[PDB]
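**Student:** Have a look at this one before I ask anything.
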Amino acid sequence: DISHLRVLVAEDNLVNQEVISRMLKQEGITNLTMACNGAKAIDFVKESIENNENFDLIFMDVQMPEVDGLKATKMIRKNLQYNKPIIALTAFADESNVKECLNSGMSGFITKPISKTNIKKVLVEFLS
Ligand SMILES: [Mg+2]
């Protein structure tokens with residue numbers, strides 16, 4: 001009952017992209033877009049708003065080259081006016097970097113490595 005969702009995953013680690021994609025597919029997601037950095041992420045969101053192929057949810061790796069997840073999240077929130085959930089993927093969450101994430105406009109976070117339970121929880125909490 002979740003094949004209606006369209007999900008964007010921004011992750012600069014290709015092994016990680018495959019892992020999260022497989023998890024999302026196992027949960028029933030069929031509409032998935034991968035972004036290798038924050039610049040690609042911004043580009044994909046802009047298109048989705050224009051074309052009514054809107055993303056229901058974004059998973060945003062915090063640390064990526066060229067444009068990181070924090071900069072991408074700020075652009076997506078404030079420039080593109082995207083107001084749906086953005087979930088940070090973080091290798092390390094401490095007081096300083098969490099405040100930075102929240103200030104960027106993140107809706108929540110998962111510490112890497114992610115588990116299927118984390119995906120299920122995000123879906124029920126944000127997209128029920
Ligand atoms: Mg990364």
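In the structure tokens, the first chain shown is A, the next is B, and so on; residue numbers restart at 1 for each chain, and ligands run from 1 in the order shown.
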Per residue of region 58-125 of chain A within 10 Å of region 13-16 of chain A, note the shortest atom pair and the distance in Å to one decimal, counting only C-alpha atoms, and order the rows by chain and increasing residue number, as JSON lines.

**Tutor:**
```
{"residue": "A:61", "atom": "CA", "partner": "A:13", "partner_atom": "CA", "distance": 9.3}
{"residue": "A:64", "atom": "CA", "partner": "A:13", "partner_atom": "CA", "distance": 8.7}
{"residue": "A:112", "atom": "CA", "partner": "A:16", "partner_atom": "CA", "distance": 9.6}
{"residue": "A:113", "atom": "CA", "partner": "A:16", "partner_atom": "CA", "distance": 8.7}
{"residue": "A:114", "atom": "CA", "partner": "A:16", "partner_atom": "CA", "distance": 9.3}
```

**Student:** Could you pull out the residues sitting within 10 Å of ligand 1, using only C-alpha atoms and all ligand atoms, and write them as a ChimeraX atom specification?

**Tutor:** /A:10-14,16,36-37,60-65,68-69,89-91

**Student:** With C-alpha atoms retained, write the just-selected residues as a tab-separated table (two decimals), in the first residue's frame.

**Tutor:**
```
chain	number	residue	atom	x	y	z
A	10	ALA	CA	20.69	11.67	-2.17
A	11	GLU	CA	23.78	9.62	-1.37
A	12	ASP	CA	27.30	10.01	-2.82
A	13	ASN	CA	28.18	6.37	-1.87
A	14	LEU	CA	26.92	4.07	-4.69
A	16	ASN	CA	24.85	2.75	-0.05
A	36	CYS	CA	24.87	11.56	-6.20
A	37	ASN	CA	25.25	15.02	-4.65
A	60	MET	CA	19.39	13.33	2.27
A	61	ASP	CA	22.94	12.24	3.01
A	62	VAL	CA	24.55	15.02	5.03
A	63	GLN	CA	28.08	14.77	3.62
A	64	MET	CA	28.39	14.86	-0.15
A	65	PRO	CA	30.85	16.58	-2.53
A	68	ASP	CA	26.46	18.90	0.72
A	69	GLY	CA	23.14	17.86	2.25
A	89	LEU	CA	21.41	10.25	6.73
A	90	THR	CA	24.32	10.90	9.11
A	91	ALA	CA	27.43	8.88	9.98
```

**Student:** Have a look at A:8, A:50, A:39, A:70 and name the one nearest to residue 99 (chain A); count only C-alpha atoms.

**Tutor:** A:70

**Student:** Based on DSSP run over this structure's backbone, return all residues of chain A in strand (DSSP E), as a ChimeraX atom specification.

**Tutor:** /A:6-10,31-35,57-61,86-90,108-111

**Student:** Identify, with DSSP run on backbone atoms, the residues in region 39-101 of chain A assigned to helix (DSSP H, G or I), and express the list as JSON, numbers by chain.

**Tutor:** {"A": [39, 40, 41, 42, 43, 44, 45, 46, 47, 48, 49, 50, 69, 70, 71, 72, 73, 74, 75, 76, 77, 78, 79, 95, 96, 97, 98, 99, 100, 101]}

**Student:** Just want the 12 Å neighbourhood of residue 77 (chain A), counted on only C-alpha atoms, with same-chain residues fewer than 2 positions away dropped. Output as a ChimeraX atom specification.

**Tutor:** /A:42,45-46,58,69-75,79-86,102-107

**Student:** Can I get the selected residues back with N, CA, C and O atoms, as a tab-separated table (two decimals), in the first residue's frame?

**Tutor:**
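After the write, again17.tsv holds the following:
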```tsv
chain	number	residue	atom	x	y	z
A	42	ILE	N	18.97	19.08	-5.84
A	42	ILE	CA	18.23	20.31	-6.08
A	42	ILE	C	17.56	20.24	-7.45
A	42	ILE	O	16.37	20.50	-7.56
A	45	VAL	N	14.50	17.94	-7.49
A	45	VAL	CA	13.33	18.47	-6.81
A	45	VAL	C	12.67	19.53	-7.68
A	45	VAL	O	11.44	19.57	-7.76
A	46	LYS	N	13.47	20.41	-8.26
A	46	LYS	CA	12.90	21.51	-9.04
A	46	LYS	C	12.00	20.94	-10.14
A	46	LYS	O	10.84	21.35	-10.25
A	58	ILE	N	12.23	12.91	0.93
A	58	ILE	CA	13.62	12.89	0.53
A	58	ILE	C	14.45	12.32	1.67
A	58	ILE	O	14.30	12.74	2.82
A	69	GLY	N	24.55	17.99	1.90
A	69	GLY	CA	23.14	17.86	2.25
A	69	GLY	C	22.56	19.06	2.97
A	69	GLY	O	21.36	19.34	2.87
A	70	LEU	N	23.36	19.76	3.74
A	70	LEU	CA	22.86	20.91	4.47
A	70	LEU	C	22.53	22.03	3.48
A	70	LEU	O	21.46	22.61	3.57
A	71	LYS	N	23.47	22.33	2.57
A	71	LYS	CA	23.25	23.36	1.57
A	71	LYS	C	22.09	22.97	0.66
A	71	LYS	O	21.25	23.81	0.31
A	72	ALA	N	22.02	21.69	0.28
A	72	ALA	CA	20.95	21.23	-0.59
A	72	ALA	C	19.61	21.39	0.12
A	72	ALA	O	18.63	21.82	-0.49
A	73	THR	N	19.54	20.98	1.40
A	73	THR	CA	18.30	21.08	2.15
A	73	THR	C	17.84	22.54	2.26
A	73	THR	O	16.65	22.84	2.09
A	74	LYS	N	18.75	23.48	2.53
A	74	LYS	CA	18.38	24.89	2.61
A	74	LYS	C	17.82	25.37	1.27
A	74	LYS	O	16.80	26.05	1.24
A	75	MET	N	18.47	25.01	0.16
A	75	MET	CA	17.98	25.42	-1.15
A	75	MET	C	16.59	24.84	-1.43
A	75	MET	O	15.67	25.53	-1.89
A	79	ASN	N	14.48	28.08	-1.39
A	79	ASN	CA	14.44	28.48	-2.79
A	79	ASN	C	13.32	27.75	-3.53
A	79	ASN	O	12.52	28.39	-4.20
A	80	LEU	N	13.22	26.41	-3.37
A	80	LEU	CA	12.20	25.62	-4.05
A	80	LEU	C	10.91	25.50	-3.24
A	80	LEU	O	9.90	25.07	-3.81
A	81	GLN	N	10.93	25.88	-1.95
A	81	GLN	CA	9.75	25.95	-1.10
A	81	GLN	C	9.13	24.56	-0.97
A	81	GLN	O	7.90	24.40	-0.90
A	82	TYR	N	9.99	23.55	-0.92
A	82	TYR	CA	9.57	22.18	-0.65
A	82	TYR	C	9.31	22.04	0.85
A	82	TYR	O	10.20	22.35	1.64
A	83	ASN	N	8.12	21.56	1.23
A	83	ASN	CA	7.74	21.53	2.64
A	83	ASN	C	7.44	20.12	3.13
A	83	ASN	O	6.93	19.96	4.24
A	84	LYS	N	7.87	19.09	2.38
A	84	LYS	CA	7.60	17.71	2.76
A	84	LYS	C	8.81	17.16	3.54
A	84	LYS	O	9.81	17.85	3.75
A	85	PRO	N	8.73	15.94	4.09
A	85	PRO	CA	9.81	15.45	4.95
A	85	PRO	C	11.14	15.28	4.22
A	85	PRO	O	11.20	14.73	3.12
A	86	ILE	N	12.20	15.74	4.88
A	86	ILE	CA	13.57	15.50	4.49
A	86	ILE	C	14.27	14.85	5.68
A	86	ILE	O	14.36	15.46	6.75
A	102	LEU	N	19.29	20.69	11.94
A	102	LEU	CA	17.96	21.22	12.21
A	102	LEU	C	17.81	22.61	11.60
A	102	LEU	O	16.78	22.92	11.01
A	103	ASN	N	18.85	23.45	11.71
A	103	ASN	CA	18.80	24.80	11.18
A	103	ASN	C	18.68	24.78	9.66
A	103	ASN	O	18.08	25.69	9.09
A	104	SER	N	19.21	23.74	9.01
A	104	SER	CA	19.15	23.64	7.56
A	104	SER	C	17.75	23.30	7.08
A	104	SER	O	17.45	23.54	5.90
A	105	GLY	N	16.91	22.74	7.96
A	105	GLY	CA	15.52	22.41	7.67
A	105	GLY	C	15.21	20.91	7.62
A	105	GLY	O	14.17	20.50	7.10
A	106	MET	N	16.10	20.08	8.19
A	106	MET	CA	15.87	18.64	8.22
A	106	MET	C	14.68	18.32	9.10
A	106	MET	O	14.50	18.94	10.16
A	107	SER	N	13.91	17.32	8.70
A	107	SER	CA	12.72	16.89	9.43
A	107	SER	C	13.07	15.87	10.52
A	107	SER	O	12.26	15.59	11.40
```

**Student:** So that I can check the surroundings of region 23-27 of chain A, please list as a list in words every protein, DNA and RNA residue that reaches within 10 Å of it, counting only C-alpha atoms and ignoring chain neighbours fewer than 4 positions away.

**Tutor:**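 Surrounding residues, per the criterion: residues 1, 2, 3, 7, 17, 18, 19, 31, 32, 114, 115, 116, 117, 119, 120 and 123 of chain A.
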
**Student:** Could you list, as a PyMOL selection string, every residue within 10 Å of residue 44 (chain A), counting only C-alpha atoms and ignoring same-chain residues fewer than 5 positions away?

**Tutor:** chain A and resi 8+33-35+38-39+49+54-55

**Student:** May I have the selected residues written with N, CA, C and O atoms, as a CSV table (one decimal), in the first residue's frame?

**Tutor:**
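Saved result, selection-v9.csv, follows:
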```
chain,number,residue,atom,x,y,z
A,8,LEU,N,13.0,10.4,-3.2
A,8,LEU,CA,14.4,10.8,-3.7
A,8,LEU,C,15.4,10.4,-2.6
A,8,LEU,O,15.2,10.7,-1.4
A,33,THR,N,14.2,7.8,-7.2
A,33,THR,CA,15.2,8.6,-7.9
A,33,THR,C,16.5,8.7,-7.0
A,33,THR,O,16.3,9.0,-5.8
A,34,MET,N,17.7,8.4,-7.5
A,34,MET,CA,18.9,8.6,-6.9
A,34,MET,C,19.6,9.9,-7.3
A,34,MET,O,19.6,10.3,-8.5
A,35,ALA,N,20.2,10.6,-6.4
A,35,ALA,CA,21.1,11.8,-6.6
A,35,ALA,C,22.4,11.5,-5.9
A,35,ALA,O,22.5,11.1,-4.8
A,38,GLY,N,24.4,17.1,-3.7
A,38,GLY,CA,23.3,18.0,-3.4
A,38,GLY,C,22.9,18.8,-4.6
A,38,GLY,O,21.7,19.2,-4.7
A,39,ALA,N,23.8,19.0,-5.6
A,39,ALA,CA,23.4,19.8,-6.8
A,39,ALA,C,22.4,19.0,-7.6
A,39,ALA,O,21.4,19.6,-8.0
A,49,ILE,N,8.5,19.5,-8.9
A,49,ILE,CA,7.5,20.4,-8.6
A,49,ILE,C,6.9,21.0,-9.9
A,49,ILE,O,5.6,21.1,-9.9
A,54,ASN,N,5.9,15.0,-7.9
A,54,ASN,CA,6.4,15.5,-6.7
A,54,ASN,C,7.0,14.4,-5.8
A,54,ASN,O,6.5,13.3,-5.8
A,55,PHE,N,8.1,14.7,-5.1
A,55,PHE,CA,8.6,13.7,-4.1
A,55,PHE,C,7.8,13.8,-2.8
A,55,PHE,O,7.7,14.9,-2.3
```
